[PDB]
Amino acid sequence: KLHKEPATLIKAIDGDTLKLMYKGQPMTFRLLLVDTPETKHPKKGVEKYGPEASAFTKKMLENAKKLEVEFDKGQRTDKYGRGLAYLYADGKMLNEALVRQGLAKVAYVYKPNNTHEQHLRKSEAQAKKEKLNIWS
């Protein structure tokens, strides 16, 4: 079964990429199953809702009492050396929260790293139904 382990925030970089202390080491983490709009796109500077997503993530993590990371059952790092995980702030999944608010869409999915896929797609469908943010 997936297990939750503790982590400490170092810096939020944008909506879906974070620097955390994990096991005593500084690491970049990329959120599983979701994509927030870019703020640093080499091409097109900020995408609509990029700054919003990024501040949402920064607020939720900076104000948390406890952060936890949850790896899925497949690869735990990507080709750029980032940890691939679900992030929980006081027990609430950051990946889901972003999607539920219309600030992220569900990513292209890669088995077997897809354990929370149905829950996130459920939240995405609700955000679209409510026409929130990127869905407006």
Side-chain angles (χ1 to χ4, degrees):
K1 239 260 208 359
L2 307 189
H3 48 116
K4 284 173 198 33
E5 313 177 51
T8 308
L9 176 67
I10 290 159
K11 173 196 264 244
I13 296 155
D14 65 356
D16 58 26
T17 306
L18 317 149
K19 231 124 177 286
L20 309 182
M21 200 65 51
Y22 173 67
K23 298 285 195 35
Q25 57 239 155
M27 283 190 61
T28 307
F29 276 74
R30 166 74 160 80
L31 296 180
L32 276 163
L33 297 188
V34 312
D35 320 25
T36 55
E38 291 301 284
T39 75
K40 285 129 78 86
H41 210 298
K43 295 188 0 217
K44 213 3 119 142
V46 204
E47 300 173 305
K48 261 219 97 354
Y49 294 111
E52 278 81 12
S54 152
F56 183 94
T57 289
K58 166 165 219 281
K59 309 332 160 17
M60 180 167 172
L61 306 190
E62 280 181 359
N63 291 318
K65 301 198 293 163
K66 280 171 4 161
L67 291 192
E68 292 166 297
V69 296
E70 176 173 74
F71 298 99
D72 205 332
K73 64 199 141 215
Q75 313 93 107
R76 290 176 193 192
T77 71
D78 66 11
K79 66 189 161 77
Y80 299 99
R82 318 181 290 187
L84 290 174
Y86 302 105
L87 190 70
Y88 294 82
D90 289 328
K92 306 87 175 246
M93 202 202 297
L94 169 65
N95 311 49
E96 191 272 335
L98 285 161
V99 167
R100 186 58 182 84
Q101 295 284 327
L103 291 167
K105 73 201 340 93
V106 167
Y108 308 80
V109 181
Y110 300 114
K111 294 248 353 99
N113 275 344
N114 69 336
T115 299
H116 299 306
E117 183 188 358
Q118 282 313 135
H119 184 208
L120 296 174
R121 276 170 190 297
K122 267 165 190 212
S123 298
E124 187 185 59
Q126 191 62 68
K128 286 191 253 143
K129 214 127 219 222
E130 295 176 1
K131 287 179 258 332
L132 293 169
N133 289 321
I134 74 209
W135 306 117
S136 60

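Note that these values count all heavy atoms, side chains included, but never hydrogens, waters or copies made by symmetry. Note that the numbering runs from 1 along the sequence shown for the chain.
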Pair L87, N95 - check side chain to side chain contact (heavy atoms under 4.5 Å, CB included), show working. CA-CA 7 Å; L87 190 70; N95 311 49; 4.3 Å; yes
Could you pull out every donor-acceptor pair under 3.5 Å between side chains of residues 37-47 and any protein atom, sequence neighbours left out?
| residue | atom | partner | partner atom | Å |
| --- | --- | --- | --- | --- |
| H41 | ND1 | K43 | N | 3.2 |
| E47 | OE1 | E38 | N | 2.5 |

Taking everything shown except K111 itself, do over 12 heavy atoms lie less than 6.0 Å from its NZ? yes
Under 4.0 Å between a side-chain nitrogen and a carboxylate oxygen: does that hold for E96 and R100? no
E124: partners by side-chain contact (heavy atoms from CB on, under 4.5 Å), with sequence neighbours left out: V99, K105, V106, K128, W135
Could you grab the distance from atom CG of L120 to atom CD of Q118, nearest 0.5 Å is fine? 9.0 Å
Interatomic distance, OH@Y88 vs CD@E68, rounded to 0.5 Å, equals 9.0 Å
Apart from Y108 itself, its cluster of hydrophobic side chains linked below 4.5 Å comprises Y110
So does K66 have more than 12 non-hydrogen atoms from other groups sitting under 6.0 Å from NZ? no
Distance in Å, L9 CG paired with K19 NZ, rounded so as to fall on 0.5 Å steps: 11.0 Å
Go through the structure and list residues passing side-chain contact (heavy atoms from CB on, under 4.5 Å) with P6, not counting sequence neighbours. none
Is there side-chain contact between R121 and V109, with heavy atoms separated by less than 4.5 Å? yes
Where do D72 and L84 land on the side chain to side chain contact (heavy atoms under 4.5 Å, CB included) test, with the steps shown first? CA-CA 8 Å; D72 205 332; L84 290 174; over 6 Å; no
Distance from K73 atom NZ to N113 atom CG, nearest 0.5 Å? 8.5 Å
Pair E5-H3, side chain to side chain contact (heavy atoms under 4.5 Å, CB included): steps then yes or no: CA-CA 7 Å; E5 313 177 51; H3 48 116; 3.5 Å; yes
Check the pair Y49 / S136 against side chain to side chain contact (heavy atoms under 4.5 Å, CB included), numbers first and verdict last. CA-CA 11 Å; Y49 294 111; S136 60; 3.3 Å; yes
Quick one: does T57's side chain have a donor or acceptor within less than 3.5 Å of a partner on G15's backbone? yes
Going by heavy atoms in the side chains, are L20 and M27 under 4.5 Å from each other? no
Are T36 and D16 close enough that a side-chain donor and a side-chain acceptor fall under 3.5 Å? yes
About how many Å separate CG of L31 and CE of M93, when rounded to the nearest 0.5 Å? 10.5 Å
How long is the span from the CG atom in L98 to the CG atom in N133, to the nearest 0.5 Å? 10.5 Å
Please give me the minimum heavy-atom distance between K65 and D90, naming the atom from each residue. N-OD2, 3.0 Å
Sorted by chain and residue number, the side-chain contact (heavy atoms from CB on, under 4.5 Å) partners of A89 (sequence neighbours excluded) come out as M60, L61, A64, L67
So, do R30 and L18 sit near enough that their side-chain heavy atoms are less than 4.5 Å apart? no
What pair of heavy atoms forms the shortest contact from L33 to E117, and how long is it? CD1-N, 3.8 Å
Work out which heavy atom in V34 is nearest to a heavy atom in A104; give both atom names and the distance. CB-CB, 4.2 Å
Check whether any side-chain N or O of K59 sits under 3.5 Å from a backbone N or O of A55 as a donor-acceptor pair, and report yes or no. yes
Sequence-distant partners of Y22, ring pair (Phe, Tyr, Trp, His ring centres under 6.0 Å), two or more places apart: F29, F71
Evaluate the side-chain proximity of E52 to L103: yes if any heavy-atom separation is below 4.5 Å, no if none is. yes
